[PDB]
Each structure stands twice: as structure tokens, then as C-alpha cells.
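This report concerns only the one structure given below.
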Protein chains: 6
Amino acid sequence: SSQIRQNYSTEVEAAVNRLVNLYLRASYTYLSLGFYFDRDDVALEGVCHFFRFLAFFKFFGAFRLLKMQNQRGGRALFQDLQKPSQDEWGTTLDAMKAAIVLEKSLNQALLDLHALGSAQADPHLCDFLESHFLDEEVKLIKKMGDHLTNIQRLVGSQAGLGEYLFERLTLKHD
Amino acid sequence: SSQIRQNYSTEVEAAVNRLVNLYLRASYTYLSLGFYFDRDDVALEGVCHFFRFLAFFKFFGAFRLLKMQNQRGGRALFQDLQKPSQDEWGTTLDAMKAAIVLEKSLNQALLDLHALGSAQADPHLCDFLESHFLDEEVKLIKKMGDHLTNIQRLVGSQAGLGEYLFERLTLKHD
Amino acid sequence: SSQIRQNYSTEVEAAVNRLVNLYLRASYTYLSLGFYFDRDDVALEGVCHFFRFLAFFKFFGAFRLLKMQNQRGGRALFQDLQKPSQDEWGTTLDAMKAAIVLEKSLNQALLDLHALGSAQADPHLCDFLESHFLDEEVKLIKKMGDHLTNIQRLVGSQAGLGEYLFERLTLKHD
Amino acid sequence: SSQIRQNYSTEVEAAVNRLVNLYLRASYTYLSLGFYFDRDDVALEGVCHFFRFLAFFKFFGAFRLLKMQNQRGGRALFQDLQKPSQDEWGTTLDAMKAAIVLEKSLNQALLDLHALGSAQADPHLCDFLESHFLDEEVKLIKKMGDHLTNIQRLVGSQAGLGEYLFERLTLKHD
Amino acid sequence: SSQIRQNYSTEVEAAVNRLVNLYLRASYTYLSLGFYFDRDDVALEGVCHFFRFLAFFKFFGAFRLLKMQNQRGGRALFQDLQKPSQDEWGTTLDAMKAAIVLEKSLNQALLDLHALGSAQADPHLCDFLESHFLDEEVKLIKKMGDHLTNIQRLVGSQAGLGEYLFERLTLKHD
Amino acid sequence: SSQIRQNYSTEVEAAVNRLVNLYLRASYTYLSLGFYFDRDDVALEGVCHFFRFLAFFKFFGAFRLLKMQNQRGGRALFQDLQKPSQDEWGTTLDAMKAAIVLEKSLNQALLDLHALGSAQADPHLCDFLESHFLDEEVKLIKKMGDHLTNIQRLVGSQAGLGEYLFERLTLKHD
Ligand SMILES: [Cl-]
Ligand SMILES: [Cl-]
Ligand SMILES: [Cl-]
Ligand SMILES: [Cl-]
Ligand SMILES: [Cl-]
Ligand SMILES: [Cl-]
């Protein structure tokens with residue numbers, strides 16, 4: 001058995017491995033979103049950069065979980081990674097709606113793992129999620145919600161104009 | 001005969017001279033585009049500067065070809081340079097469409113010369129085009145395509161508004 | 001159809017998408033290798049850092065391919081990503097042998113794509129692979145081969161001693 | 001009609017467009033002169049650099065005229081550009097004689113345009129030529145004349161020696 | 001067999017070893033040229049330094065080939081090195097003519113190896129020659145041709161005078 | 001005859017030319033040793049760098065002799081250079097033993113030339129060897145002897161371990 005493992009349930013160990021798969025799935029979804037908005041026939045650089053950054057950020061979340069798994073003496077186990085849900089992502093509005101759906105799913109997975117940890121009396125797990133994941137997720141979802149509202153107010157009856165303006169004047173670009 | 005020339009066909013030498021004429025023609029087209037957008041009755045500074053820069057960039061391509069001609073021991077031969085295809089260039093959209101047509105023609109000329117070089121077993125010629133021309137051309141055409149998509153999304157039903165916004169918020173100006 | 005695409009076959013476009021999948025598979029394999037050597041019951045930091053860096057490097061290769069796909073006017077298409085071939089990776093020797101097998105497979109995929117590009121008279125594709133992939137791969141495989149030889153000479157009859165010494169004195173660590 | 005144009009005759013507008021053609025012709029002549037002296041079988045670097053600089057300087061003159069055309073509310077119109085008068089330019093002496101002939105022709109065109117402007121009571125045109133063209137031209141022709149005299153004194157009965165010495169000791173080179 | 005070797009023919013491996021011998025032969029020829037022009041009864045320092053630098057440059061070419069041989073998993077094999085073709089090298093003109101003959105022979109060997117690589121579908125080999133050898137060779141041969149033309153124009157009927165002047169005013173010396 | 005030569009025998013002149021051949025032979029031997037230890041199946045970087053440096057150092061010795069030949073008014077004469085004695089160099093121990101054999105042969109050649117110079121009452125020759133060659137050779141042979149002793153003490157019954165340790169902990173590497 002493990003020489004370091006202490007107060008670390010098999011249930012938590014397995015749930016952490018599943019959460020890693022979810023975050024890597026999310027990372028891959030954002031990679032696809034980024035390259036869609038980089039297409040010459042889409043060409044919204046600020047949108048591309050927004051999702052490319054999220055791809056890296058979700059990968060970092062997976063990395064932290066994996067590090068924690070080893071710190072606790074669990075065994076990182078990797079599974080197949082499903083492709084993203086779409087090949088083409090429509091408008092900025094469509095994409096930001098898909099992103100907030102994705103983030104809510106990751107948030108619920110975080111809350112579910114926190115509840116498991118609490119049931120298992122695993123305070124290191126609970127604190128780890130609180131300190132590195134829960135607030136970052138709330139902050140990101142608030143940001144997406146802010147963006148959705150601004151995108152929606154810009155649709156009006158000149159959708160193209162508003163999509164350009166949002167990309168130019170809210171999102172970070174060269 | 002030439003004291004330095006080696007593995008340099010007459011076919012390649014002649015094709016290089018024709019390519020120089022094509023690039024100088026392109027340079028002159030961009031000079032005309034630039035001065036059109038500088039007119040007081042057109043007055044799109046970012047568009048003017050975009051095409052003025054391309055005039056210089058295409059001249060630089062011609063210059064590099066001429067330098068290479070001499071490095072290989074061929075003889076630079078200059079022909080008459082035809083004037084651009086238009087005197088007035090319409091909207092930014094019209095102009096960017098003409099530019100991408102022009103660039104595709106230069107790209108095809110590059111690919112044709114590369115194929116001639118390959119047929120003639122002239123690896124210095126092939127590498128020269130690969131290293132200094134092919135990727136620069138792909139990059140430029142991608143940029144133009146990005147611009148066309150952004151211009152097209154801004155037309156809407158307020159063409160003037162969108163043409164101003166594109167010039168202000170995408171193209172580089174004072 | 002595409003407004004920028006020129007001299008870019010459907011065969012190459014599809015092969016690039018498959019190559020992206022191969023590089024992301026390789027990246028994921030290296031992520032798993034890295035976290036195995038980070039285990040408290042394996043604990044070879046220099047080996048962990050070697051494979052973690054390769055995970056990032058292979059991801060970067062996939063990223064460059066995807067960027068190129070868009071520059072040429074092809075469509076990035078993502079498929080499911082299979083999990084790595086093993087859950088536990090044995091000794092440093094075992095792992096470095098698996099790594100060189102993996103790299104040879106990526107190298108053969110590169111050479112196959114280069115041959116397709118050459119058959120299709122696609123010099124931009126050929127140059128792209130030459131300039132950004134082929135030499136990096138040769139260099140990496142040479143490095144792995146150097147490492148294998150040093151690992152093999154250290155096995156002797158005190159395998160543990162040699163595995164520690166290699167990690168301490170050849171691989172980069174804190 | 002034009003919203004800015006004032007005191008700008010059609011005669012001057014047309015003459016400015018013709019002068020642009022003359023300066024671009026001169027620029028192209030100097031480009032050809034430069035590349036001739038860059039040939040491996042000519043190989044006079046200081047002579048190459050002298051004419052390359054003049055190619056740029058004459059292009060700059062054309063550019064200033066075009067800018068002025070727009071500032072006055074005239075319409076820049078570009079015509080075909082004839083190739084230079086020669087494909088091969090003989091000795092430095094031959095080339096410098098051709099250059100001074102060329103410059104005298106540009107100078108006479110300047111003086112003719114100034115006279116037209118004066119007849120048309122167009123003081124902005126007259127001042128523009130005085131301030132940016134007439135003295136630069138006098139200065140250049142004086143310099144060429146200085147060079148011709150030095151070249152002629154070096155011919156003697158060892159033409160090759162003198163042509164080398166002039167290039168080395170008067171003209172600017174690496 | 002080799003643990004790293006992939007897509008590297010025996011034909012290419014052998015041809016690389018022969019090319020190393022050719023470059024080391026060339027290096028030795030330049031060493032001899034340099035020391036001839038350092039003789040008190042020849043005493044042309046700029047000529048000495050020109051050929052001494054080429055001795056080092058050709059050695060560097062051999063070194064790069066040898067490094068590449070190992071990177072590909074071939075076996076560097078060294079053969080006897082023949083002495084240079086002459087013990088005394090005549091005038092600067094004689095020497096520069098011998099040098100351009102030598103360089104054309106190295107260039108043809110490069111082109112022959114590139115053709116072998118292409119026949120063998122060895123793109124790493126082809127790119128290696130393109131990126132590190134072909135253009136450097138074209139550049140050097142152009143430089144030599146420039147020098148030959150300047151030497152030839154200085155012969156006149158005062159050969160000694162012209163040989164001194166060329167060494168003083170074109171070649172780099174203290 | 002020579003305008004500078006004084007007190008410089010034909011015997012010394014010829015012996016200097018032979019010594020140059022010996023040092024260039026030694027340089028080539030070290031080049032081969034270096035590239036052997038750079039092989040992926042040998043892979044001892046510190047050993048590679050040790051012999052690569054000696055290749056350069058022996059070349060420098062040959063260069064100094066050639067310079068001296070000219071300073072004295074003798075004629076540098078180059079002969080064919082035989083290939084090294086081996087294609088593969090065995091262990092570090094084997095290689096260092098071959099190196100000390102080589103160095104002892106160069107040292108004896110130095111001492112023989114010094115004795116010839118002394119017999120010929122050629123104090124400039126004697127001082128030249130004393131000041132630039134004899135002590136450098138003694139120092140190098142002492143260093144090699146130190147290395148041999150350390151290599152021999154590390155063989156024990158785990159030859160691979162000791163060869164790695166010597167390369168890592170005594171020889172200079174990245
Ligand atoms: Cl799926
Ligand atoms: Cl026309
Ligand atoms: Cl699988
Ligand atoms: Cl004409
Ligand atoms: Cl021989
Ligand atoms: Cl032998």
C-alpha cells in the first residue's frame with residue numbers, strides 16, 4: 001500500500017481522476033473554440049484569444065488536481081478524452097452561451113466533489129477546492145455573464161456590427 | 001559566358017525576370033490604391049497606410065529576386081511596367097477584394113516558379129522561394145481574408161458607418 | 001468555398017488533422033509519464049521534468065499544425081483522444097524506450113505527410129514541416145538515444161543506484 | 001466637383017501626373033543601373049550603391065508630387081511606365097553620363113512646370129517646386145558633374161585602374 | 001543496428017562521409033593558400049587573411065556534416081586527406097581562379113548529394129543542405145566572382161601595382 | 001634565395017614541415033575521437049568535448065609552426081595526411097591510452113627537433129620550442145596521466161558505472 005496516504009478515500013481518489021478528465025475535456029473544447037474564431041471566415045481575434053486563454057487555464061486546473069492526487073498518495077489514471085460537442089461554434093453569442101454551460105458543469109462537479117470530501121471528513125480536499133477552484137470558477141462565470149449581457153445588448157438589428165464592436169472594444173486583442 | 005553561373009537554367013532566369021515584372025506591377029497597383037484612399041473625398045487613412053505598406057513590401061520582393069538573379073549569375077532584364085487595372089478603387093471592400101485577387105496571382109506565379117525549379121533540379125531556387133516568399137504570401141493572404149470577413153460583417157445596412165469603423169478600429173493609423 | 005485556400009489539397013488537410021490527433025495523443029502520453037515519475041513511490045524528479053517538458057513541446061507542435069491549417073484555409077477538426085498505452089511506466093529505461101518508440105512514430109507520420117505534400121506539389125507544406133518539425137524531431141530522437149545509452153551503461157548489477165545517478169547527474173532538476 | 005480644390009488648374013494637374021511618370025521612369029532607370037553594377041562581371045559596389053540610392057530618391061520625388069496632387073484636390077492618374085533606355089550600361093563613365101542626361105531632363109521638366117504654374121498664377125505650386133525640387137536637382141547635377149570630371153581625369157591609359165580607384169576612393173561602399 | 005536511425009540510407013551515409021573528405025581537402029587547400037600569401041616574398045596580408053578565413057569556414061562545413069551524420073545515426077568514417085594541388089599558388093589572380101574552381105567542385109558535390117537525398121525521399125537531408133550549405137556556397141562564389149572581375153580590371157600593364165591596390169583597398173587587413 | 005633567411009638550416013626547415021604533418025595528423029585523430037564519443041551509442045559528452053578541444057589545440061600547434069616557418073624564411077610544404085589509426089575507439093580508458101601514446105610521440109618529435117636545432121646552433125628554433133611547445137606538452141601528458149589513474153580506479157567490477165561517473169564528475173560538460 002501507500003507509504004504517505006492518510007485520510008484519502010478511494011471515492012475521492014476516483015472522483016479526482018474523473019474531474020481531471022472533465023477539465024481536460026473543457027480544455028480541448030476551448031482549444032477548438034479558439035481555432036474556430038481564428039478561421040479566415042470568422043476572424044474575431046479577441047474571441048480567439050479569450051478561448052485560447054481558457055484552454056490553458058482549464059489545463060492548469062487539471063494539472064493542479066493531478067499534482068494533488070500524487071501529494072495525497074492516490075494514483076492518477078487517465079481515460080480517453082472525448083472530442084468537443086461541436087465542430088463549428090456559430091456566433092460569439094453562441095460560443096459564450098456554450099462556454100457558460102460548460103463552466104456551470106465544471107462548477108457542479110467541483111461542488112459535488114466538495115460534498116464528497118465533506119462527507120468523508122477530508123478537510124485537506126475541501127480546502128484545496130475552496131482555495132484553488134471554487135472562487136476562480138465563480139469569478140469566471142460572472143465574467144462570462146457580463147460578456148453575455150454585453151453581447152445581447154449589441155445584437156439589436158445589426159448583428160454583424162455588434163459582434164465586431166464587442167470583439168474590438170471589450171475583448172483583449174493586438 | 002558567366003564565371004559564377006552553375007545549375008541555373010535559362011528557363012529559371014527568364015521566369016525570375018518575369019516575376020520581377022509581376023511584383024513591380026503589384027507594387028505600382030498598391031501605390032495607386034494608397035493614393036486613392038488618401039484623396040480628400042475618400043479619406044480612409046488606415047486603408048491608405050495598409051496599401052502604402054504593401055507597395056513597399058512588394059517592391060522589396062522584386063528587389064530580393066533581382067539580388068538573387070545576380071547571385072546566381074543570371075542577367076536582370078527589365079520590361080515595361082503596365083499601369084494598374086483601375087484608376088479608382090471603390091470601397092474598402094472593393095479594394096481588399098482586388099488585393100486578394102492580386103495576391104493569389106502572385107502566389108500562383110511563385111508556385112509555378114517553384115515547380116519549374118523542382119523540374120530543373122534547382123534546389124537553391126526552390127529553397128529561396130520557400131524561405132523568403134511562400135510563407136510571407138500565405139500569411140498575407142490569410143490577413144486579407146480576415147480583413148474581408150470583418151469588412152463584410154460591417155456592411156449591414158449602414159455601409160458608411162461600417163467602413164469608418166473598420167478603418168478606425170482594425171487598421172493602423174495616427 | 002474558401003476565399004484564401006490555394007494549392008491546399010483535401011488529402012493534406014485531412015492528414016494534418018490526423019497529425020494533430022497524433023501529437024495531442026503524444027502530449028497526453030508525456031503528461032502521464034511525468035505524473036508517474038512524480039509519484040512518492042517512484043520519485044525521480046529529473047525524469048518527471050523531462051517528460052513534463054515533452055508534454056508541453058508536443059502540445060506546441062499540435063498548436064503550430066492547427067495554426068497552419070487555418071493559414072492555408074483548411075478546417076481544423078478534432079477527434080476523440082485515446083488514453084496513453086500504459087497506466088504505469090516501469091523504470092526510467094522502460095519509459096525512455098517507450099518515448100523513443102513514440103517519437104519514431106511521430107517522425108514517420110511527419111515523413112509520410114511530407115511525401116504527400118511533395119506528391120501534391122505543395123511546397124508551403126513541405127517547407128513548413130522541414131522548418132518547424134523534421135530537425136526538431138531528429139534532435140529529440142538523438143537526445144533520447146544518448147539517454148538510453150547512458151541509462152543502459154548504468155544498469156550494471158545495481159539498477160537502483162544507476163537509476164538514481166542518471167536522474168541526479170544527467171537530468172535537469174531542482 | 002472637389003470640395004477642397006482652389007486655384008489649381010487642370011493644366012497643372014495633368015502636368016503633375018506626367019511629372020510623376022517621369023520620376024518613376026527615372027527611379028526605374030536607376031534601379032537597372034544599380035543592378036548592372038552589382039553583376040559579378042561588373043562588380044563596382046560603390047557605383048551600385050550610388051545608383052540604388054538615386055532610385056530611392058527619385059521614387060521619393062514621385063511620392064511627394066502624388067501627395068501634393070491630393071493636397072490640392074487633383075486626381076493622381078498613373079500611366080504605363082516604360083523600361084529604361086538600356087539593358088547594359090557600359091563603364092562608370094558611360095553610366096554617369098547617362099545619369100546627368102536623365103537629371104537634366106527631369107530639371108527641364110521641373111522648370112517647365114514652374115513656368116506653367118507661374119503663368120497660371122499658382123504660387124503654392126511654384127513654392128512647392130522651389131522648396132522641395134529645384135535646389136535638390138541643382139545639387140545633384142553639380143555632384144554628378146564633379147564625379148564626371150574625376151572619372152575623366154582617371155581614364156588616362158589605364159581605364160580599369162582608374163575605374164577601380166574612383167569606386168574605392170570617391171564612392172561610398174562597405 | 002542503430003536505435004535512432006530512421007529514413008537514413010546507406011547511400012546518403014557514405015556520400016556524407018565523402019563530402020566531409022572533400023570539405024577537409026578544401027580546408028587544407030585554403031590553409032596552404034593562406035601561408036603562401038604570408039611568405040616574405042609574396043607578402044599580401046589581405047589575401048593571406050581571405051584564404052585563412054576560408055580554411056576555417058570549410059572546416060566548419062565538415063564539422064556540421066559530421067554532427068549531422070551522428071544526429072541521423074550514421075557512422076563518421078575518415079579517410080586519408082590528400083595534399084593540395086599546388087605548393088606555390090602564383091598571383092592573387094591565379095589563386096582566386098583556383099579558389100572558384102574549388103568552390104564550384106564543392107557546390108556540385110552539394111547538388112549531387114541533394115539529388116541523392118531527393119531520390120531517397122530524405123527531406124531532413126535536403127533541408128539540411130538547403131539551410132546550411134547551398135546559399136552559403138552561392139554567396140561565396142558570387143563574392144569570388146566579384147573579386148576576379150576587380151583583379152582582372154587592375155592588371156592593365158602594371159600587374160604589381162594592381163595586385164597591391166586590390167589587396168590594400170578591397171581585402172580586409174590590419 | 002631568401003632575403004630574410006639567416007641561420008636557418010635546410011634540415012630544420014624540413015623537420016618543421018614533417019612536424020606540421022604530425023600535428024595535423026594528431027588534430028585529425030582527435031577530431032575522430034571527438035565524433036566517436038558523440039555517437040548516440042557511446043554518448044559521453046565530456047569525453048567528446050575533451051577530444052574536440054585537443055583537435056583544436058593540435059591544429060593551433062601546426063599553425064604556430066607554419067607561422068614560424070615563414071618568419072624564418074623557410075617554405076611551408078604540405079603532404080598528404082593519413083587517416084587516424086582506428087575508426088572506433090573503444091572505452092574512455094582505451095581512448096585516453098591512445099591519446100597518451102599519441103602525445104608521447106609528438107613530445108619525442110619535439111625533443112628530436114630541439115636536439116637538431118641545438119646541433120645546428122639555431123637558438124631561435126630552440127627557444128621557440130621551449131617557449132610554446134615543450135611545457136604545454138608536459139602539462140598535457142600529466143593531465144592525461146591523472147585522468148588514466150582516475151579512470152583505472154573507477155573500473156572496479158562495474159565498468160559502465162565508473163565510465164559514466166568519470167565523464168560526469170571529472171570531464172567538463174553542459
Ligand atoms: Cl464524444
Ligand atoms: Cl495596361
Ligand atoms: Cl485507447
Ligand atoms: Cl520604352
Ligand atoms: Cl594528392
Ligand atoms: Cl594510414
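Chain lettering (A, B, ...) mirrors the order of the C-alpha cells, residue numbering begins at 1 for each chain separately, and ligand numbering begins at 1 in order of display.
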Please report as a Markdown table every residue of chain F lying within 12 Å of ligand 5, along with the nearest atom pair and their distance in Å (one decimal), using only C-alpha atoms and all ligand atoms.
| residue | atom | partner | partner_atom_place_in_ligand_line | distance |
| --- | --- | --- | --- | --- |
| F:78 | CA | ligand 5 | 1 (Cl) | 10.4 |
| F:79 | CA | ligand 5 | 1 (Cl) | 8.2 |
| F:80 | CA | ligand 5 | 1 (Cl) | 6.6 |
| F:81 | CA | ligand 5 | 1 (Cl) | 9.8 |
| F:82 | CA | ligand 5 | 1 (Cl) | 11.5 |
- Near-residue F:111 list (9 Å; only C-alpha atoms; drop same-chain fewer than 4 positions) as an MDAnalysis selection string: chainID F and resid 106:107 115:116 129 134
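Using only C-alpha atoms, we find that the part of chain F lying within 7 Å of chain C comprises residues 40, 41, 42, 43, 158, 160, 161 and 168 of chain F.
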Any chance you can output those residues with C-alpha atoms as a compact mmCIF listing (two decimals), in the first residue's frame?
# COMPACT_ATOMS: atom_id res chain seq x y z
CA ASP F 40 24.24 8.03 -29.82
CA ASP F 41 25.57 4.55 -28.86
CA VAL F 42 28.60 5.97 -26.99
CA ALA F 43 27.16 9.28 -25.70
CA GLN F 158 31.11 -2.00 -12.64
CA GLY F 160 29.77 1.21 -17.08
CA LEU F 161 29.10 2.98 -13.75
CA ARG F 168 30.08 13.40 -15.26
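Rounded to one decimal, atom CA of residue E:15 and atom CA of residue B:6 lie 20.9 Å from each other.
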